[PDB]
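Here we start with a single chain on its own, the form deposited in one PDB entry, put down as structure tokens.
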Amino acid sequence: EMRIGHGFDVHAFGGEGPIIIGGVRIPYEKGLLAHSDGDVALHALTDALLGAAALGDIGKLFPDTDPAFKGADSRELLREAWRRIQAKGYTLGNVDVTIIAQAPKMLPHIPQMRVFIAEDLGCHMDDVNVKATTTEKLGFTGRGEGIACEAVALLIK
């Protein structure tokens, strides 16, 4: 059988650039405020993968009280999430990630996001979709206040 997972993440702008989206450093006037590297795309993708194994979420797997992964970048977190999913029997069906930002432009950076995700999951490029949209200057993303990301995943049990 197959299993569905969903992830959703939001960070507000603040501090100095650059931002890091899908493992890719992107120059911007502002950074993204977060407890770690603020990678909304990898954070949402990890939640979607973990969800499709009902492992709760990032917060459950890497809690307050566990020093092991404190200060770890999102790719480190993604890989360890994967390792722990792959060992529960699951293999990868496919993923689709949707970044929601008015700015910066994401389009030129998406190719390398896809490469980094494929590497971290040990899968073909063909199993990884990443796209970006604006909200036409509407809402807290449209006004340039933060970045949101939605992600969905299908795993084979």
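Each residue number is its position in the shown sequence, starting from 1. Think of the rigid core as the biggest set of C-alphas that the two forms share within 1.5 Å after superposition.
We do not show the form deposited in another entry, though everything after this point is about it.
The residue that stands out in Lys105, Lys88, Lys70, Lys131 is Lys70, the single one whose Cα moves by 2 angstroms or more between the shown form and the other one on a rigid core fit. Between this form and the other one, the CA-CA gap for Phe69 and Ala34 narrows by 3 Å or more, being smaller in the other form.
Figure legend: C-alpha atoms of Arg84 and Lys70, shown here, are separated by at least 3 angstroms more in the other form.
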